[PDB]
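Student: What follows is input_31.csv; its format and atoms are CSV, C-alpha atoms.
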```
chain,number,residue,atom,x,y,z
A,1,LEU,CA,-28.1,-20.5,-56.9
A,2,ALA,CA,-24.9,-22.4,-56.2
A,3,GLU,CA,-25.6,-22.4,-52.5
A,4,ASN,CA,-29.1,-23.7,-53.0
A,5,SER,CA,-27.9,-26.4,-55.4
A,6,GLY,CA,-25.5,-27.9,-52.9
A,7,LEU,CA,-22.4,-26.6,-54.7
A,8,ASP,CA,-19.6,-24.6,-53.1
A,9,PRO,CA,-20.7,-21.0,-53.9
A,10,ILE,CA,-17.2,-19.5,-53.5
A,11,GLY,CA,-15.8,-22.0,-56.0
A,12,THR,CA,-18.8,-22.0,-58.3
A,13,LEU,CA,-19.0,-18.2,-58.7
A,14,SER,CA,-15.2,-18.0,-59.4
A,15,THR,CA,-15.3,-20.8,-61.9
A,16,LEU,CA,-18.2,-19.3,-63.8
A,17,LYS,CA,-16.6,-15.9,-63.9
A,18,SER,CA,-13.2,-17.3,-65.0
A,19,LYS,CA,-14.9,-19.4,-67.7
A,20,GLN,CA,-16.9,-16.5,-69.0
A,21,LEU,CA,-13.9,-14.1,-68.8
A,22,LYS,CA,-10.7,-15.8,-69.8
A,23,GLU,CA,-11.8,-18.7,-72.1
A,24,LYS,CA,-14.6,-17.1,-74.0
A,25,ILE,CA,-17.9,-15.3,-73.7
A,26,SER,CA,-20.7,-17.9,-73.4
A,27,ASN,CA,-23.7,-18.8,-71.3
A,28,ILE,CA,-22.3,-20.8,-68.3
A,29,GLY,CA,-24.6,-20.9,-65.2
A,30,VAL,CA,-25.3,-22.9,-62.0
A,31,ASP,CA,-26.2,-26.5,-62.7
A,32,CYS,CA,-29.2,-26.4,-60.4
A,33,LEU,CA,-30.8,-29.4,-62.1
A,34,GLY,CA,-29.2,-32.7,-63.0
A,35,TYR,CA,-26.9,-31.9,-65.9
A,36,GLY,CA,-23.8,-33.6,-67.3
A,37,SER,CA,-21.8,-30.3,-67.7
A,38,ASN,CA,-21.9,-26.5,-67.4
A,39,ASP,CA,-22.4,-24.1,-70.3
A,40,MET,CA,-26.2,-23.9,-70.3
A,41,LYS,CA,-26.0,-22.9,-74.0
A,42,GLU,CA,-25.7,-26.6,-74.7
A,43,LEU,CA,-28.3,-27.5,-72.0
A,44,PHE,CA,-30.8,-25.1,-73.5
A,45,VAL,CA,-31.8,-23.4,-70.2
A,46,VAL,CA,-33.4,-20.3,-71.6
A,47,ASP,CA,-35.4,-17.5,-70.0
A,48,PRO,CA,-37.0,-14.4,-71.6
A,49,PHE,CA,-34.8,-11.4,-72.1
A,50,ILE,CA,-37.5,-8.9,-71.2
A,51,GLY,CA,-38.3,-10.9,-68.0
A,52,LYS,CA,-34.7,-10.5,-66.9
A,53,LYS,CA,-34.7,-6.8,-67.9
A,54,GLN,CA,-37.9,-6.3,-65.9
A,55,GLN,CA,-36.4,-8.1,-62.9
A,56,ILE,CA,-33.3,-5.9,-63.0
A,57,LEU,CA,-35.3,-2.7,-63.3
A,58,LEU,CA,-37.7,-3.7,-60.5
A,59,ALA,CA,-34.7,-4.5,-58.2
A,60,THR,CA,-33.0,-1.2,-58.9
A,61,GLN,CA,-36.2,0.8,-58.4
A,62,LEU,CA,-36.9,-1.0,-55.1
A,63,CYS,CA,-33.4,-0.4,-53.9
A,64,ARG,CA,-33.7,3.2,-54.7
A,65,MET,CA,-37.1,3.4,-53.1
A,66,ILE,CA,-35.9,1.9,-49.8
A,67,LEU,CA,-32.7,4.0,-50.0
A,68,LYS,CA,-34.5,7.3,-50.6
A,69,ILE,CA,-36.6,7.0,-47.5
A,70,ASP,CA,-34.8,8.5,-44.5
A,71,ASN,CA,-37.4,8.7,-41.7
A,72,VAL,CA,-40.3,6.4,-40.6
A,73,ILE,CA,-43.2,7.6,-38.4
A,74,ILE,CA,-45.7,5.1,-37.1
A,75,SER,CA,-48.8,6.4,-35.2
A,76,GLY,CA,-49.8,4.8,-31.9
A,77,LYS,CA,-52.8,2.6,-31.2
A,78,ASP,CA,-55.8,3.4,-29.1
B,1,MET,CA,17.5,20.5,-26.1
B,2,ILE,CA,19.9,21.1,-28.9
B,3,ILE,CA,21.8,17.9,-28.2
B,4,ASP,CA,18.6,15.9,-27.6
B,5,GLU,CA,17.1,17.0,-30.9
B,6,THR,CA,20.4,16.4,-32.7
B,7,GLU,CA,20.5,12.8,-31.3
B,8,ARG,CA,16.9,12.1,-32.4
B,9,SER,CA,17.5,13.5,-35.8
B,10,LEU,CA,20.7,11.6,-36.3
B,11,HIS,CA,18.9,8.4,-35.1
B,12,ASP,CA,16.2,8.9,-37.7
B,13,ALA,CA,18.8,9.6,-40.4
B,14,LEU,CA,20.7,6.5,-39.5
B,15,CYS,CA,17.5,4.4,-39.6
B,16,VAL,CA,16.7,5.8,-43.1
B,17,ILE,CA,20.3,5.1,-44.3
B,18,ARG,CA,20.1,1.6,-42.9
B,19,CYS,CA,16.8,1.0,-44.8
B,20,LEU,CA,18.6,2.2,-47.9
B,21,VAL,CA,21.6,-0.1,-47.3
B,22,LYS,CA,19.5,-3.3,-46.7
B,23,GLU,CA,17.4,-2.6,-49.8
B,24,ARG,CA,18.8,0.1,-52.1
B,25,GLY,CA,16.3,2.6,-53.5
B,26,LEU,CA,13.3,4.8,-52.4
B,27,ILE,CA,9.6,4.9,-53.3
B,28,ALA,CA,7.1,7.7,-53.4
B,29,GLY,CA,5.3,8.5,-50.2
B,30,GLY,CA,1.7,9.6,-49.6
B,31,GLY,CA,0.3,6.1,-50.2
B,32,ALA,CA,1.0,6.1,-53.9
B,33,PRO,CA,2.7,2.6,-53.9
B,34,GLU,CA,-0.2,1.3,-51.8
B,35,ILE,CA,-2.8,2.5,-54.4
B,36,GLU,CA,-0.7,1.2,-57.3
B,37,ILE,CA,-0.2,-2.2,-55.7
B,38,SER,CA,-3.9,-2.4,-54.9
B,39,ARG,CA,-4.9,-1.6,-58.4
B,40,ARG,CA,-2.5,-4.1,-60.0
B,41,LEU,CA,-3.5,-6.8,-57.6
B,42,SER,CA,-7.2,-6.2,-58.2
B,43,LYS,CA,-6.5,-6.4,-62.0
B,44,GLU,CA,-4.5,-9.6,-61.7
B,45,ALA,CA,-6.8,-11.4,-59.3
B,46,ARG,CA,-9.4,-11.6,-62.1
B,47,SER,CA,-7.4,-14.4,-63.7
B,48,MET,CA,-7.4,-16.4,-60.4
C,1,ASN,CA,-26.5,-24.4,-46.9
C,2,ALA,CA,-25.6,-26.2,-43.7
C,3,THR,CA,-22.4,-26.3,-41.6
C,4,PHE,CA,-21.2,-28.4,-38.7
C,5,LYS,CA,-23.2,-27.8,-35.5
C,6,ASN,CA,-19.9,-27.3,-33.5
C,7,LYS,CA,-21.3,-27.7,-30.0
C,8,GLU,CA,-17.9,-26.4,-28.9
C,9,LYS,CA,-17.0,-23.3,-30.9
C,10,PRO,CA,-13.3,-22.7,-31.2
C,11,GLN,CA,-14.2,-20.0,-33.7
C,12,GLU,CA,-15.3,-17.8,-30.7
C,13,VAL,CA,-11.6,-17.6,-29.7
C,14,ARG,CA,-10.7,-16.4,-33.2
C,15,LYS,CA,-13.5,-13.9,-33.2
C,16,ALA,CA,-12.4,-12.5,-29.8
C,17,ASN,CA,-8.8,-12.3,-31.0
C,18,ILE,CA,-9.8,-10.5,-34.2
C,19,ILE,CA,-12.0,-8.1,-32.3
C,20,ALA,CA,-9.3,-7.2,-29.9
C,21,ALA,CA,-6.6,-6.8,-32.6
C,22,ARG,CA,-8.9,-4.7,-34.7
C,23,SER,CA,-9.8,-2.5,-31.8
C,24,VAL,CA,-6.1,-1.9,-31.1
C,25,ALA,CA,-5.4,-1.3,-34.7
C,26,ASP,CA,-8.2,1.3,-34.9
C,27,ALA,CA,-7.0,3.0,-31.8
C,28,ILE,CA,-3.5,3.3,-33.3
C,29,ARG,CA,-4.7,4.2,-36.8
C,30,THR,CA,-5.8,7.8,-35.9
C,31,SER,CA,-2.1,8.7,-35.2
C,32,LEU,CA,-0.9,8.0,-38.8
C,33,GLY,CA,0.9,10.8,-40.6
C,34,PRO,CA,2.2,14.2,-39.5
C,35,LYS,CA,-1.4,15.3,-38.8
C,36,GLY,CA,-2.2,12.3,-36.6
C,37,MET,CA,-4.1,13.0,-33.4
C,38,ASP,CA,-2.3,12.9,-30.1
C,39,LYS,CA,-3.1,10.1,-27.7
C,40,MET,CA,-3.3,10.5,-23.9
C,41,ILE,CA,-2.3,7.5,-21.6
```
Translate this file's structure into structure tokens.
Tutor:
Amino acid sequence: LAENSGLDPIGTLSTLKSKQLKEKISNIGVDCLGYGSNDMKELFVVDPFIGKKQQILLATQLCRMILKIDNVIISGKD
Amino acid sequence: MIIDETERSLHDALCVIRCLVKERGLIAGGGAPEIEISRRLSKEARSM
Amino acid sequence: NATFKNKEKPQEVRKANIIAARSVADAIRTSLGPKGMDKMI
């Protein structure tokens, strides 16, 4: 998200992690859209919880599916 | 062979004693200090 | 994102140096410890 928004991803990720770890636990994300500051909690950028849960579950299941396949066989063409 | 091995062993001992003289003290072998330093640095870097 | 085009690429020199140094380091690595494998030259 930081890379796509034109921000330095290395600095952005580290700043977000530091703010959410040392200062306090909050909702600080990438300012993809024009905002005056970080801390989306004040910007009211909200997404459904179940949507994020489903995204995480689908990603994990897809990673397992690709990882648990060891051989690929493709038949020829006539 | 006896004198050659004695010379090599004494050279190694002199090197160890020199290492002690320049910086007094010994540390545990087997990579223990490496693991401990890696763990401490990983823990500390979270604040950077 | 986007980076400089760099028609001339000095980074190639650094890549080659790193590759050579890492190859030498890997070659020497297997001899670490009393159980290190012998090298023939």
Student: Here is a test: counting all atoms listed in the file, which residue of B:23, B:48, B:16, B:4 is nearest to chain A?
Tutor: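 Of B:23, B:48, B:16, B:4, the one nearest chain A is B:48, counting all atoms listed in the file.
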Student: Report the closest atom pair, with its distance in Å rounded to one decimal, for each residue of chain C that has an atom no farther than 12 Å from chain B; count only C-alpha atoms, sort by chain and then rising residue number, and write it as a Markdown table.
Tutor:
```
| residue | atom | partner | partner_atom | distance |
| --- | --- | --- | --- | --- |
| C:32 | CA | B:30 | CA | 11.2 |
| C:33 | CA | B:30 | CA | 9.1 |
| C:34 | CA | B:30 | CA | 11.1 |
```
Student: Considering all atoms listed in the file, tabulate each residue of chain A that lies at most 12 Å from chain B along with its nearest interatomic pair and the corresponding distance in Å to one decimal; arrange the rows by chain and ascending residue number and present them as a tab-separated table.
Tutor:
```
residue	atom	partner	partner_atom	distance
A:11	CA	B:48	CA	11.0
A:13	CA	B:48	CA	11.9
A:14	CA	B:48	CA	8.0
A:15	CA	B:48	CA	9.2
A:16	CA	B:48	CA	11.7
A:17	CA	B:46	CA	8.6
A:18	CA	B:47	CA	6.6
A:19	CA	B:47	CA	9.9
A:20	CA	B:47	CA	11.1
A:21	CA	B:47	CA	8.3
A:22	CA	B:47	CA	7.1
A:23	CA	B:47	CA	10.4
```
Student: Would you save the residues of that selection, restricted to C-alpha atoms, as a PDB file, in the frame of the given file?
Tutor:
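Written file, result-v1.pdb:
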```pdb
ATOM      1  CA  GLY A  11     -15.800 -22.000 -56.000  1.00  0.00           C
ATOM      2  CA  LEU A  13     -19.000 -18.200 -58.700  1.00  0.00           C
ATOM      3  CA  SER A  14     -15.200 -18.000 -59.400  1.00  0.00           C
ATOM      4  CA  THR A  15     -15.300 -20.800 -61.900  1.00  0.00           C
ATOM      5  CA  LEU A  16     -18.200 -19.300 -63.800  1.00  0.00           C
ATOM      6  CA  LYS A  17     -16.600 -15.900 -63.900  1.00  0.00           C
ATOM      7  CA  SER A  18     -13.200 -17.300 -65.000  1.00  0.00           C
ATOM      8  CA  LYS A  19     -14.900 -19.400 -67.700  1.00  0.00           C
ATOM      9  CA  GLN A  20     -16.900 -16.500 -69.000  1.00  0.00           C
ATOM     10  CA  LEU A  21     -13.900 -14.100 -68.800  1.00  0.00           C
ATOM     11  CA  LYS A  22     -10.700 -15.800 -69.800  1.00  0.00           C
ATOM     12  CA  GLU A  23     -11.800 -18.700 -72.100  1.00  0.00           C
TER      13      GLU A  23
END
```
Student: Counting all atoms listed in the file, which residues in chain A sit no more than 12 Å from chain C? For each one, give the nearest pair of atoms and the distance in Å, sorted by chain then residue number, as JSON lines.
Tutor:
```
{"residue": "A:1", "atom": "CA", "partner": "C:1", "partner_atom": "CA", "distance": 10.9}
{"residue": "A:2", "atom": "CA", "partner": "C:1", "partner_atom": "CA", "distance": 9.6}
{"residue": "A:3", "atom": "CA", "partner": "C:1", "partner_atom": "CA", "distance": 6.0}
{"residue": "A:4", "atom": "CA", "partner": "C:1", "partner_atom": "CA", "distance": 6.7}
{"residue": "A:5", "atom": "CA", "partner": "C:1", "partner_atom": "CA", "distance": 8.8}
{"residue": "A:6", "atom": "CA", "partner": "C:1", "partner_atom": "CA", "distance": 7.0}
{"residue": "A:7", "atom": "CA", "partner": "C:1", "partner_atom": "CA", "distance": 9.1}
{"residue": "A:8", "atom": "CA", "partner": "C:1", "partner_atom": "CA", "distance": 9.3}
{"residue": "A:9", "atom": "CA", "partner": "C:1", "partner_atom": "CA", "distance": 9.7}
```
Student: In Å, rounded to a single decimal, give me how far CA of residue 41 in chain A is from CA of residue 28 in chain A.
Tutor: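 That distance, rounded to one decimal, is 7.1 Å.
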Student: Output as a PDB file, in the coordinates of the input: range 10-35 of chain B, completed with N, CA, C and O atoms.
Tutor:
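Final output, saved to result39.pdb:
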```
ATOM      1  N   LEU B  10      19.652  12.479 -35.815  1.00  0.00           N
ATOM      2  CA  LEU B  10      20.700  11.600 -36.300  1.00  0.00           C
ATOM      3  C   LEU B  10      20.231  10.133 -36.254  1.00  0.00           C
ATOM      4  O   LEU B  10      20.556   9.339 -37.141  1.00  0.00           O
ATOM      5  N   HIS B  11      19.483   9.763 -35.214  1.00  0.00           N
ATOM      6  CA  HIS B  11      18.900   8.400 -35.100  1.00  0.00           C
ATOM      7  C   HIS B  11      17.993   8.143 -36.302  1.00  0.00           C
ATOM      8  O   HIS B  11      18.042   7.083 -36.936  1.00  0.00           O
ATOM      9  N   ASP B  12      17.115   9.106 -36.595  1.00  0.00           N
ATOM     10  CA  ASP B  12      16.200   8.900 -37.700  1.00  0.00           C
ATOM     11  C   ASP B  12      16.966   8.830 -39.038  1.00  0.00           C
ATOM     12  O   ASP B  12      16.644   7.986 -39.886  1.00  0.00           O
ATOM     13  N   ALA B  13      17.983   9.674 -39.224  1.00  0.00           N
ATOM     14  CA  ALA B  13      18.800   9.600 -40.400  1.00  0.00           C
ATOM     15  C   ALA B  13      19.498   8.279 -40.569  1.00  0.00           C
ATOM     16  O   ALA B  13      19.571   7.701 -41.659  1.00  0.00           O
ATOM     17  N   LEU B  14      20.045   7.777 -39.461  1.00  0.00           N
ATOM     18  CA  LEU B  14      20.700   6.500 -39.500  1.00  0.00           C
ATOM     19  C   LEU B  14      19.739   5.369 -39.827  1.00  0.00           C
ATOM     20  O   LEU B  14      20.081   4.443 -40.569  1.00  0.00           O
ATOM     21  N   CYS B  15      18.517   5.434 -39.294  1.00  0.00           N
ATOM     22  CA  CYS B  15      17.500   4.400 -39.600  1.00  0.00           C
ATOM     23  C   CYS B  15      17.187   4.483 -41.134  1.00  0.00           C
ATOM     24  O   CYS B  15      17.078   3.438 -41.786  1.00  0.00           O
ATOM     25  N   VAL B  16      17.035   5.687 -41.690  1.00  0.00           N
ATOM     26  CA  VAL B  16      16.700   5.800 -43.100  1.00  0.00           C
ATOM     27  C   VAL B  16      17.891   5.241 -43.947  1.00  0.00           C
ATOM     28  O   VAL B  16      17.677   4.519 -44.931  1.00  0.00           O
ATOM     29  N   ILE B  17      19.126   5.564 -43.565  1.00  0.00           N
ATOM     30  CA  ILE B  17      20.300   5.100 -44.300  1.00  0.00           C
ATOM     31  C   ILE B  17      20.410   3.580 -44.212  1.00  0.00           C
ATOM     32  O   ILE B  17      20.804   2.904 -45.166  1.00  0.00           O
ATOM     33  N   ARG B  18      20.090   3.023 -43.042  1.00  0.00           N
ATOM     34  CA  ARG B  18      20.100   1.600 -42.900  1.00  0.00           C
ATOM     35  C   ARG B  18      19.038   0.933 -43.789  1.00  0.00           C
ATOM     36  O   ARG B  18      19.291  -0.104 -44.417  1.00  0.00           O
ATOM     37  N   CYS B  19      17.849   1.535 -43.857  1.00  0.00           N
ATOM     38  CA  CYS B  19      16.800   1.000 -44.800  1.00  0.00           C
ATOM     39  C   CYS B  19      17.306   1.037 -46.196  1.00  0.00           C
ATOM     40  O   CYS B  19      17.070   0.085 -46.951  1.00  0.00           O
ATOM     41  N   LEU B  20      17.987   2.111 -46.597  1.00  0.00           N
ATOM     42  CA  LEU B  20      18.600   2.200 -47.900  1.00  0.00           C
ATOM     43  C   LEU B  20      19.642   1.078 -48.123  1.00  0.00           C
ATOM     44  O   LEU B  20      19.685   0.447 -49.185  1.00  0.00           O
ATOM     45  N   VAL B  21      20.495   0.856 -47.123  1.00  0.00           N
ATOM     46  CA  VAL B  21      21.600  -0.100 -47.300  1.00  0.00           C
ATOM     47  C   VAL B  21      21.031  -1.516 -47.434  1.00  0.00           C
ATOM     48  O   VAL B  21      21.471  -2.271 -48.311  1.00  0.00           O
ATOM     49  N   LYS B  22      20.064  -1.900 -46.597  1.00  0.00           N
ATOM     50  CA  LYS B  22      19.500  -3.300 -46.700  1.00  0.00           C
ATOM     51  C   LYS B  22      18.844  -3.485 -48.027  1.00  0.00           C
ATOM     52  O   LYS B  22      19.025  -4.534 -48.655  1.00  0.00           O
ATOM     53  N   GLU B  23      18.055  -2.513 -48.484  1.00  0.00           N
ATOM     54  CA  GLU B  23      17.400  -2.600 -49.800  1.00  0.00           C
ATOM     55  C   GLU B  23      17.581  -1.195 -50.442  1.00  0.00           C
ATOM     56  O   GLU B  23      16.912  -0.228 -50.066  1.00  0.00           O
ATOM     57  N   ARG B  24      18.483  -1.121 -51.415  1.00  0.00           N
ATOM     58  CA  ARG B  24      18.800   0.100 -52.100  1.00  0.00           C
ATOM     59  C   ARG B  24      17.591   0.668 -52.838  1.00  0.00           C
ATOM     60  O   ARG B  24      16.915  -0.084 -53.545  1.00  0.00           O
ATOM     61  N   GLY B  25      17.331   1.967 -52.702  1.00  0.00           N
ATOM     62  CA  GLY B  25      16.300   2.600 -53.500  1.00  0.00           C
ATOM     63  C   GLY B  25      15.178   3.191 -52.589  1.00  0.00           C
ATOM     64  O   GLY B  25      14.979   2.753 -51.451  1.00  0.00           O
ATOM     65  N   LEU B  26      14.449   4.168 -53.123  1.00  0.00           N
ATOM     66  CA  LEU B  26      13.300   4.800 -52.400  1.00  0.00           C
ATOM     67  C   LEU B  26      12.084   4.723 -53.269  1.00  0.00           C
ATOM     68  O   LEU B  26      12.131   4.500 -54.481  1.00  0.00           O
ATOM     69  N   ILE B  27      10.942   4.898 -52.604  1.00  0.00           N
ATOM     70  CA  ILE B  27       9.600   4.900 -53.300  1.00  0.00           C
ATOM     71  C   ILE B  27       8.874   6.132 -52.849  1.00  0.00           C
ATOM     72  O   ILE B  27       9.135   6.743 -51.810  1.00  0.00           O
ATOM     73  N   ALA B  28       7.919   6.512 -53.693  1.00  0.00           N
ATOM     74  CA  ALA B  28       7.100   7.700 -53.400  1.00  0.00           C
ATOM     75  C   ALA B  28       6.240   7.500 -52.209  1.00  0.00           C
ATOM     76  O   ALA B  28       5.672   6.424 -52.000  1.00  0.00           O
ATOM     77  N   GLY B  29       6.130   8.544 -51.393  1.00  0.00           N
ATOM     78  CA  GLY B  29       5.300   8.500 -50.200  1.00  0.00           C
ATOM     79  C   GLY B  29       3.873   8.941 -50.501  1.00  0.00           C
ATOM     80  O   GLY B  29       3.460   9.088 -51.654  1.00  0.00           O
ATOM     81  N   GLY B  30       3.111   9.135 -49.428  1.00  0.00           N
ATOM     82  CA  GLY B  30       1.700   9.600 -49.600  1.00  0.00           C
ATOM     83  C   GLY B  30       0.766   8.477 -49.965  1.00  0.00           C
ATOM     84  O   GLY B  30      -0.352   8.783 -50.384  1.00  0.00           O
ATOM     85  N   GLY B  31       1.162   7.211 -49.852  1.00  0.00           N
ATOM     86  CA  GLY B  31       0.300   6.100 -50.200  1.00  0.00           C
ATOM     87  C   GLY B  31       0.231   5.749 -51.653  1.00  0.00           C
ATOM     88  O   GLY B  31      -0.532   4.846 -52.021  1.00  0.00           O
ATOM     89  N   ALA B  32       1.004   6.421 -52.505  1.00  0.00           N
ATOM     90  CA  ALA B  32       1.000   6.100 -53.900  1.00  0.00           C
ATOM     91  C   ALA B  32       1.347   4.632 -54.200  1.00  0.00           C
ATOM     92  O   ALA B  32       0.605   3.986 -54.959  1.00  0.00           O
ATOM     93  N   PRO B  33       2.418   4.055 -53.641  1.00  0.00           N
ATOM     94  CA  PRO B  33       2.700   2.600 -53.900  1.00  0.00           C
ATOM     95  C   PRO B  33       1.542   1.738 -53.398  1.00  0.00           C
ATOM     96  O   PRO B  33       1.256   0.730 -54.051  1.00  0.00           O
ATOM     97  N   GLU B  34       0.882   2.083 -52.290  1.00  0.00           N
ATOM     98  CA  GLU B  34      -0.200   1.300 -51.800  1.00  0.00           C
ATOM     99  C   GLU B  34      -1.365   1.276 -52.871  1.00  0.00           C
ATOM    100  O   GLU B  34      -1.904   0.213 -53.201  1.00  0.00           O
ATOM    101  N   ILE B  35      -1.714   2.447 -53.408  1.00  0.00           N
ATOM    102  CA  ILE B  35      -2.800   2.500 -54.400  1.00  0.00           C
ATOM    103  C   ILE B  35      -2.387   1.749 -55.658  1.00  0.00           C
ATOM    104  O   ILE B  35      -3.194   0.998 -56.221  1.00  0.00           O
TER     105      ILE B  35
END
```
